[PDB]
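Take a look at the letters that make up each chain.
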Amino acid sequence: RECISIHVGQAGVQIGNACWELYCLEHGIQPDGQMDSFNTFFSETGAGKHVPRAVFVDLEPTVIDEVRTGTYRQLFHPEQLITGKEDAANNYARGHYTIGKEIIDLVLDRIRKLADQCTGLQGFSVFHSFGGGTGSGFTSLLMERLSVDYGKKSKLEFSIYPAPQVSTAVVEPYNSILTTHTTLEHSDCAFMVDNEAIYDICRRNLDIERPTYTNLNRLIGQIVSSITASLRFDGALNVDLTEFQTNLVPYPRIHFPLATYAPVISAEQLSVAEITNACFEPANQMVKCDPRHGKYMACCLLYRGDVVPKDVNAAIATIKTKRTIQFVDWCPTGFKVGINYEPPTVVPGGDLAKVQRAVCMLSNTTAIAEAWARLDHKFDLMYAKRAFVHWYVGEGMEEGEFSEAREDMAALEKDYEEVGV
Amino acid sequence: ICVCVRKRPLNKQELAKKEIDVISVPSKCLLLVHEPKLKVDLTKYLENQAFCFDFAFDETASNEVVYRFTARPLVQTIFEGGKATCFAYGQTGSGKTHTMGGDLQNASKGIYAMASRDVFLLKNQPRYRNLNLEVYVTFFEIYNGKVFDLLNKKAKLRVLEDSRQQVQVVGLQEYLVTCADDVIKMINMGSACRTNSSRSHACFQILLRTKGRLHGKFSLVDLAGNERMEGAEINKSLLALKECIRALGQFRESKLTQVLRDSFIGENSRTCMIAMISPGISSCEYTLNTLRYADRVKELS
Amino acid sequence: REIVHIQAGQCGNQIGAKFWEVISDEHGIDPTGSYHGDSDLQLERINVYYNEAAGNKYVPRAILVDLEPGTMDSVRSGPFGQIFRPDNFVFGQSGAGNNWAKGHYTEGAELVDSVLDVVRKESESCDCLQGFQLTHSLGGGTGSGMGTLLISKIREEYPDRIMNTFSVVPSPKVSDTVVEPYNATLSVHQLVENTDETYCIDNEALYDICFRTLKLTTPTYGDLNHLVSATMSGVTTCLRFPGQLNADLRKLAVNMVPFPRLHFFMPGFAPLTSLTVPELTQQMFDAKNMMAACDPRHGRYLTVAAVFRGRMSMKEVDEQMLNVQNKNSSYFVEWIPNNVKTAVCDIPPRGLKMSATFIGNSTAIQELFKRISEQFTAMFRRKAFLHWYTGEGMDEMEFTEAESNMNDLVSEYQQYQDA
Ligand SMILES: Nc1nc2c(ncn2[C@@H]2O[C@H](COP(=O)(O)OP(=O)(O)OP(=O)(O)O)[C@@H](O)[C@H]2O)c(=O)[nH]1
Ligand SMILES: Nc1ncnc2c1ncn2[C@@H]1O[C@H](COP(=O)(O)OP(=O)(O)NP(=O)(O)O)[C@@H](O)[C@H]1O
Ligand SMILES: COc1cc2c(c(OC)c1OC)-c1ccc(OC)c(=O)cc1[C@@H](NC(=O)CS)CC2
Ligand SMILES: Nc1nc2c(ncn2[C@@H]2O[C@H](COP(=O)(O)OP(=O)(O)O)[C@@H](O)[C@H]2O)c(=O)[nH]1
Ligand SMILES: [Mg+2]
Ligand SMILES: [Mg+2]
């Protein structure tokens, strides 16, 4: 039925800022206010306005302040925008303990103020950074507590895996490992987004020498749109969360599906068979790695626009003939195909053009663990000397919690590899 | 698989009604049925039929003698870690309960008791002492596809079977016994609240356990008469039993065969079938039916 | 002597709706009105499928069940929407399911009584009740889960009379849910225990017939239902029509099912899509023409029952019908004597000048059970989407208990390819 969006911390906020704008454009809601189906994400407030079911939280104003500034200012309620004066400082230990504690009760209560006008809520979609102050810290704490106040209700996280070039912070790897540990036993399914992969797609495709955040976010916007879409329009693909995940995660170990967007092509018609063909192409992923190496244990195809199954079929047939199928031992050959006739609308001054048809493909491969390694190594190697640990012990964390968390990442990397044939 | 037949003597009622005894057992493996017949012209004659079994017992054979050549040789099987089953099969009033449970009443004089007696004797033998086993007993009856714990006041139990297919009887009560007198107390208790007369399947079990694991198990079964349409469940179980036993030396399931499934699937499993026969001329058709069923069972050996 | 018809869950409702409007025009019945058509027969046994009310009117003895309005109002504002008795519809309102559990325990039980209490009215109204027949799907849940429940509760109130079902067994192609195998297996078990005869309409078979042999590209749920709907009229003909047999439906049972375990029939139809006789038999006995994904070759027939249709000479039929179990005389179990019976009726179906239909209790059906048990143990392996049921109240071992019962059914059918 219903569906709350939560955006915590800079990356979280800005990403959502850009996909709540693609949402509006998709459903045609003039910023100001007005124009079920569209109801999954909005609450028809007042006798005009349309307003989102979202909450934005950051531990410094800055980011949120620009939201209450640029158009869309009217779009939200003043309450759904929570801000916190003192910064997260860039260390989980602060976001999860010291500085968080102070704002958790006020957020927690407001999101419940939102869930109250929702006859039979469904779950939360949460957007946050992997490394990064409050993105790691506060998130982790939110999720712990959301699990206390909302037993069943699923939690779908949209995480941003950090990458050297689209500037990180030295301590980033600590933060990532840290949150992903606590946060793991509390999420149902999470969508990782490698900032290197998106920086990468903006280069090979959009042809931008210096990709901005505002440039990256736009693209991510689209991937997210295509992911939710199904449950916004409505009678189409992955209906009512649950049957969304029941489709991708075979094991409680929160599995992170690998996302691949269809045709990304700059402004200023691609064949149904061709875009599917571009979906089994590493250069177009969302997490830098490669599944021609690992195995697949559940494939998903989410189309949008002008498409008849008649082709989608013949495109699959030929997509297996001269390709690396490599499906895993004990699991069918998935391919829950979903088509959503509603065409892919893109932002007006955007860098990508209108497209006749687009695909999405969400696969849960074992090769996604190649990213869990790339992070562990960084962490392991710094921790080898307590590199920056003292800043965390400083806010009140135990040196043990650092072990205890990497300890899980050692385990996860094992599980992932263990699923192989 | 071992198949035997036991003829019971004519009882008071039958002798009084002047019932003719039409059964002879001239040797330890041969049973003769002197079947009365009439030619078309009404002339009386005998079609004397012969059946051969591993062991054929006459009317003078006591329960101890019968026990010695049927269930006794199976006790060792459970100490060797196998699964043994002994079935008493035949018509209503043929001697099934008398043989397995005691004369009638007297538990000690029946196969359940005698088998228990030898289980305690063997466990104390050097070759088995070091096994450090504990002896457990169970007593349940199957009536219309339903299982009832006779040691837990006819409590109706549930029978489940995963996908791997082993069966489990949820709630069946296992009682620790350390003496034959113990076993005799559980047999009296169970027989006291059983649904004499058939209508059910009786099954008294002797289990051997050491450490969380089952070492061996012996299931002694007192079957329902082989001769209100519940006879359909009884006939299906008997048909199912036959195929399970034959499958041992090489469906259309029923409760009985579902519960005893694990005792026919293992490679280290033995079974003995004892066919009870009422010697009276009036029961000749029931006898032939019992004997032919028996023939097909041993046919797999 | 007289039968009531329960019809539940989106698929069932749609399937049966076509059945109804198909036999109704066979008998010559208006959306409400009565007879109209120069035929005279029809009305003899119209009794059997139609409790008749006020004035002329005919109103079918049908109960409509679902756990979400939509599908029902699809019928009402549809083909013969006006035909069914108003308070005979039983709405659900709440969440559907598409998860067995919900329909056989939580959201299911909720309704049961209000339906049971309406079947109870129809039944007790019957002059001499013959039994019930229900249509539903085995995959999904608002009819595969409430249905198997509805029937578990009909026996108990009606051990007496017999239970008949047309159940659509689902496939990997043309399916809405990843869970179907769970829903399927969970019902198959139930059917085995409380029904006398069950017809298997495999959707895999169904799709194959439309595209693999009918040039029909995208198979709607529409031209697909047209197959099932035509088949269902063929299968019942002898109980709704002449004065050749009469069909106690119990006679049909006692004669088609040699073994208790309710044996499942694979049906087959003669001409098709939306006919010499030798040409008709050759087709009606062809795998390429069965309603279940099987292939009687990889298995013998226990008993077969065939029913022709249209003005044709039985002299030829009895001749050709012998000529099949001759050129194929190895595939008819020889431990059951005259195990293949044929009935002829002379009132043509829709279009079709000639027609035939086929009912087969064949050990090849084993093939079908094996393939759903293949995706089941293939998912219940590393306990898949299972937490969706655990949650609605079910126990982990109630799955193994179903799986176990089901494989036996395979291990029994495979036991009877004996001698
Ligand atoms: N894709 C994307 N990544 C971002 C964006 N903004 C920051 N990041 C990334 O997010 C990570 C840092 O997270 P932050 O949002 O700055 O951390 P935060 O604590 O949540 O926010 P602050 O309180 O401002 O420190 C790094 O991986 C950055 O590359 C954005 O707008 N889009
Ligand atoms: N070998 C035997 N010697 C003396 N009496 C016997 C013998 N076998 C059976 N009887 C008696 O004959 C009757 C049959 O007993 P049991 O009670 O043994 O029958 P089933 O158990 O054969 N009958 P049922 O329960 O009806 O299927 C009882 O009264 C026994 O005491
Ligand atoms: C006083 O203002 C400064 C503040 C900071 C940084 C810095 O050095 C470039 C400054 O200039 C002197 C800074 C520093 C250090 C880092 O590691 C060496 C880092 O990763 C990152 C940074 C700066 N942040 C970033 O580059 C985020 S993408 C933020 C903290
Ligand atoms: N042929 C036939 N099969 C159907 C139809 N609708 C659904 N099915 C099949 O039946 C299964 C479940 O049907 P559904 O009606 O959605 O389940 P319900 O919630 O119990 O009503 C699906 O997996 C399909 O394979 C139908 O219209 N006709
Ligand atoms: Mg921060
Ligand atoms: Mg007895």
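Structure determination for the deposited model, as stated in its record, used cryo-EM, and the stated resolution is 28.0 Å.

Participant: Teacher, can you tell me more about the pairing of strand β14 (residues 269-277) of chain B here?
Facilitator: In summary, the side chains of a regular strand alternate between the two faces of the sheet. Residue and element names in this part refer to chain B. By the criterion of burial, β14 is predominantly enclosed, with eight of the nine residues buried. Looking at chain direction, strand β1 (residues 2-7) and β14 are connected through six bridges and run parallel. Across the sheet, the residue bridging to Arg6 is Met276, located in β14. Two strands pair when backbone bridges link them, and strand β6 (residues 83-90) and β14 are joined in this way by eight bridges, in the parallel orientation. Paired with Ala84 across the strands is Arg270, a residue of β14.

Participant: Where do I start with the site of ligand 2 in this structure?
Facilitator: All names here are of chain B. Near ligand 2, the surroundings consist of 15 residues, among which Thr92, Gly93, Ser94, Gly95 and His98 are the closest. In this structure, an oxygen atom belonging to ligand 2 sits 2.8 Å away from a main-chain N or O atom of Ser94. Taking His98, its main chain carries an N or O atom lying 2.8 Å from an oxygen atom of ligand 2. Of the residues in the shell around ligand 2, the class split is two nonpolar, 10 polar and three charged.

Participant: Honestly, the domain arrangement of chain C in this entry has me stumped. Any pointers?
Facilitator: Where interface size is quoted, it is often the accessible area lost as the parts come together. All names here are of chain C. Taken as a whole, chain C is organised into domain 1 (1-258), domain 2 (259-364) and domain 3 (365-419). The C-alpha-based centres of domain 1 and domain 2 are spaced at 23 Å. Across the boundary between the two partners, domain 1 contributes 38 residues, which contact 33 residues of domain 2. Listed by contribution, the elements that provide at least two residues to the side of domain 1 that touches domain 2 are α7 (180-194), β6 (197-202), α8 (203-211), α9 (222-240) and α10 (251-256). For the side of domain 1 that touches domain 2, the leading source of residues is α9, giving 10 residues. Here the side of domain 1 that touches domain 2 is built from residues that sort into 18 nonpolar, 12 polar and eight charged.

Participant: What is the right way to look at the pattern of salt bridges in this model?
Facilitator: If the charged atoms of two oppositely charged side chains come close together, the side chains can form a pair. In the structure shown here, the tally under the stated rule is 53 salt bridges over all chains. The salt bridge partner of B:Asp262 is B:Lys217, with a shortest N-O separation of 3.0 Å. The class for B:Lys217 is buried, based on a relative accessible area of 10%. The shortest N-O distance in the salt bridge between B:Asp295 and B:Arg292 comes to 3.5 Å. Of the two residues, B:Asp295 and B:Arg292 both sit in helix α11 (residues 284-298), three residues apart, roughly one turn of that helix. With a relative accessible area of 16%, B:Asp295 lands in the buried category. You can call B:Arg292 exposed: its relative accessible area is 53%. Put simply, C:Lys173, C:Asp202, C:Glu204, C:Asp208 and C:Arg371 are held in one network by salt bridges that share partners.

Participant: Is there a simple way to explain the arrangement of the chains in this structure?
Facilitator: Between all two pairs of chains that are in contact, chains B and C come out with the most contacts. Chain A makes no contact with chain B; the smallest distance between any of their C-alpha atoms is 16 Å.

Participant: Please clarify how the side chain of A:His7 should be interpreted in this entry.
Facilitator: All names here are of chain A. For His7, the position within the fold is in strand β1 (residues 4-8). Owing to a relative accessible area of 0%, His7 belongs among the buried residues under this scheme. Setting aside residues up to four positions removed in sequence, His7 forms contacts with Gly12, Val13, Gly16, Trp20, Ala54, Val55, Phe56, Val57 and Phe127.

Participant: Would you mind going over unusual backbone geometry with me for this structure?
Facilitator: Apart from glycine, the bulk of residues carry a negative phi angle, and the bulk of peptide bonds sit in the trans form. Residues and elements named next belong to chain A. Cis geometry is found at the peptide bond from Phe233 to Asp234, where omega equals 5 degrees. The backbone of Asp240 sits at a positive phi, close to 65 degrees, despite the residue not being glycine. Checked against the element boundaries, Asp240 lands in the loop between α7 (213-229) and β7 (258-259). Although it is not a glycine, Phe335 adopts a positive phi angle of roughly 65 degrees. Structurally, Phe335 is set in the loop between α9 (309-321) and β9 (336-340).

Participant: When you look at the UniProt feature "binding site: Mg(2+)" in chain C in this model, what are you seeing that I'm missing?
Facilitator: Residue and element names in this part refer to chain C. Under the present numbering, the feature "binding site: Mg(2+)" in UniProt falls on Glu68. Mapping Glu68 onto the fold places it in the loop between β2 (62-65) and α3 (70-76). Not counting chain neighbours up to four residues away, the residues in contact with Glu68 comprise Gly92, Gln93, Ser94 and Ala96.

Participant: Would you take a moment to explain the interface of chain A and chain C for this structure?
Facilitator: Taken together, the nine residues of chain A in the interface contact nine residues of chain C. Here chain A packs against chain C, burying approximately 990 Å² in sum over the two surfaces, 52% of which is carbon and sulfur. The three residues of chain A that bury the most area against chain C are A:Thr246, A:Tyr251 and A:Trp330, which together make up 45% of that side's buried surface. Across the contact surface, chain A and chain C share zero salt bridges. At the surface where chain A touches chain C, the tally comes to two residue pairs in polar contact. Residue classes in the side of chain A that touches chain C are distributed as four nonpolar, four polar and one charged.

Participant: In this structure, what is going on with the packing of helix α13 (residues 366-376) of chain C against helix α15 (residues 397-413) of chain C? I would like to understand it.
Facilitator: Residue and element names in this part refer to chain C. Remark: α13 packs on α15, axes separated minimally by 9 Å, with the N-to-C direction vectors making an angle of 150 degrees. As far as their axial angle goes, α15 and α13 are roughly antiparallel. Once α13 is placed against α15, the crossing between them reads as left-handed. Across from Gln366, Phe369, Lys370, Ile372, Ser373 and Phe376 in α13, the residues of α15 making contact are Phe399, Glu403, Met406, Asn407, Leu409, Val410 and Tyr413. Considered class by class, the residues forming the contact of α13 with α15 number eight nonpolar, three polar and two charged.

Participant: Can you help me understand the packing of helix α1 (residues 9-27) of chain A against α7(A) in this one?
Facilitator: For any two helices packed against each other, one specifies the crossing angle of their axes together with the interaxial distance. Residues and elements named next belong to chain A. It is the contact of α1 with α7, at a shortest axis distance of 8 Å, that shows an interaxial angle of 60 degrees. As the angle between them shows, α1 and α7 are arranged oblique. Seen along the crossing, α1 lies across α7 with a hand that is right-handed. Listed contacts from α7 to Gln14, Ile15, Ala18, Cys19, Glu21, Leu22, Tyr23 and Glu26 of α1 are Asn217, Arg218, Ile220, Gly221, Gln222, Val224, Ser225 and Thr228. Here the contact of α1 with α7 is built from residues that sort into seven nonpolar, six polar and three charged.

Participant: Honestly, the site of ligand 1 in this entry has me stumped. Any pointers?
Facilitator: All names here are of chain A. Near ligand 1 you find 24 residues, and of these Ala11, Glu60, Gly133, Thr134 and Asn217 are the closest. Between an oxygen atom of ligand 1 and a side-chain N or O atom of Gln10, the distance comes to 3.2 Å. Within the side chain of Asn195, one N or O atom sits 3.1 Å away from a nitrogen atom of ligand 1. Protein coverage of the free-state accessible area of ligand 1, which is 640 Å², stands at 93%. Only α1, α4 (133-149) and α7 provide two or more residues apiece to the shell around ligand 1. For the shell around ligand 1, the leading source of residues is α1, giving five residues. Partitioning the shell around ligand 1 into residue classes produces eight nonpolar, 12 polar and four charged.

Participant: Please explain the UniProt feature "binding site: ATP" in chain B as it appears in this structure.
Facilitator: All names here are of chain B. Sequence positions flagged by UniProt for "binding site: ATP" are, in local numbering, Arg6, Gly90, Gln91, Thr92, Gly93, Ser94, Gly95, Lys96 and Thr97. Across 92 residues, the annotated set stays spatially compact, with a maximum C-alpha separation of 14.0 Å. For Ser94, a relative accessible area of 1% corresponds to the buried category. The contacts of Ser94, once residues within four sequence positions are left out, are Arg8, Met276, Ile277 and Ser278. There is a polar contact of 2.6 Å between the side chain of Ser94 and the backbone oxygen of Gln91. Note that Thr97 resides in helix α4 (residues 96-101). For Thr97, the contacting residues outside a window of four places in its chain are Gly102, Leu104, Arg194, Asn196 and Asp222.

About the criteria used
Residues numbered from 1 in each chain as written, not as in the entry; some residues may be left out. Chains lettered and ligands numbered in written order. Part of a larger assembly, values for the part shown. Heavy atoms only, no water. Residues with missing side-chain atoms left out of burial classes, pairs and counts. Buried < 20%, exposed > 50% of the residue type's maximum accessible area, 1.4 Å probe, protein only. Helix = DSSP H or I, 4+ residues; strand = E, 2+ residues; numbered from the N terminus. Pairing = 2+ DSSP bridges. Near = heavy atom within 4 Å. Polar contact = N/O pair within 3.5 Å; in protein donor to acceptor, adjacent residues only side chain to side chain. Nonpolar A, V, L, I, M, F, W, Y, C, P; charged D, E, K, R; others polar. Domains from an automatic or database assignment. Contact = heavy atoms within 4.5 Å. Salt bridge = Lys/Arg side-chain N within 4 Å of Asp/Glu carboxyl O. UniProt positions renumbered as here; feature names shortened; annotations may be inferred. Buried area = accessible area lost by both parts, 1.4 Å probe. Axes fitted to C-alpha atoms, helices over the stretch in contact; angles between N-to-C directions. Parallel < 35°, antiparallel > 145°, perpendicular 65-115°, else oblique. Left-handed = near helix turned anticlockwise from the far one by under 90°. Areas by Shrake-Rupley, 256 points an atom, 1.4 Å probe, with all protein chains shown as cover.

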